[PDB]
Amino acid sequence: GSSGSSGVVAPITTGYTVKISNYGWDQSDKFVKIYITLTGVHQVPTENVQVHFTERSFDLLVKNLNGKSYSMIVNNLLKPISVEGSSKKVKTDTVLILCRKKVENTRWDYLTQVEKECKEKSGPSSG
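When you line the sequence shown up against the authors' numbering, it's residues 1 to 127, in that order.
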């Protein structure tokens with residue numbers, strides 16, 4: 001084998017992505033799911049939507065959207081989640097992010113720990 005050759009110029013095509021600051025999320029004694037408002041995400045292919053689930057985090061990318069691209073990643077989750085079990089969904093002008101609950105019957109005071117920590121600055125940290 002081993003055979004190929006080509007070279008063409010490529011103009012300014014996409015690249016940058018929007019940062020999803022405001023995003024709705026909810027948790028229930030069973031599983032975790034997030035709901036973001038993205039008009040067009042229900043029109044874009046699953047190829048433009050790249051999301052990866054982890055043990056305590058989850059990344060979600062969104063390219064080619066409403067005349068732009070959006071990105072959403074969460075690092076440090078109050079509680080762990082099941083990747084294999086974790087799944088992603090897309091609703092009308094909305095993106096769903098099903099995150100399996102590593103342990104059911106649990107409450108999430110905050111999507112992530114960061115918020116918590118910050119939120120709870122002067123508290124019973126030690127002990």
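Positions of the beta carbon are idealized from the N, C-alpha and C atoms, including for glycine.
Length of the line joining the Cα atoms of residue i and residue j
{"i": "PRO45", "j": "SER82", "result": "25 angstroms"}
{"i": "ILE34", "j": "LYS88", "result": "9 angstroms"}
{"i": "residue 130", "j": "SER126", "result": "Limits of the chain in this structure are 1 at one end and 127 at the other, which puts residue 130 out of reach."}
{"i": "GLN43", "j": "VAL90", "result": "10 angstroms"}
{"i": "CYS99", "j": "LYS19", "result": "20 angstroms"}
{"i": "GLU104", "j": "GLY85", "result": "13 angstroms"}
{"i": "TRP108", "j": "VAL49", "result": "26 angstroms"}
{"i": "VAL95", "j": "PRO11", "result": "30 angstroms"}
{"i": "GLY1", "j": "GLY7", "result": "20 angstroms"}
{"i": "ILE97", "j": "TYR70", "result": "15 angstroms"}
{"i": "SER122", "j": "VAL51", "result": "35 angstroms"}
{"i": "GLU115", "j": "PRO124", "result": "16 angstroms"}
{"i": "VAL41", "j": "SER3", "result": "38 angstroms"}
Proximal residues to residue i (C-beta, below 7 angstroms), its chain only, five neighbours per side dropped
{"i": "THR39", "result": "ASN66 and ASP93"}
{"i": "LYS119", "result": "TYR110"}
Distance CB(residue i)-CB(residue j) smaller than 8 angstroms
{"i": "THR106", "j": "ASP29", "result": "yes"}
{"i": "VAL74", "j": "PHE58", "result": "yes"}
{"i": "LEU78", "j": "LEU111", "result": "yes"}
{"i": "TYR23", "j": "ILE36", "result": "yes"}
{"i": "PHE31", "j": "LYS101", "result": "yes"}
{"i": "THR14", "j": "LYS63", "result": "yes"}
{"i": "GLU117", "j": "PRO80", "result": "no"}
Which residues DSSP lists as bridging residue i, in chain order
{"i": "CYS99", "result": "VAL32"}
Neighbourhood of residue i by C-beta, 8 angstroms cutoff - its chain only, sequence neighbours within 5 removed
{"i": "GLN113", "result": "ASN76, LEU77 and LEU78"}
Contacts around residue i, its chain only, beta-carbon distance under 6 angstroms, and the 5 residues preceding and following it disregarded
{"i": "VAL9", "result": "none"}
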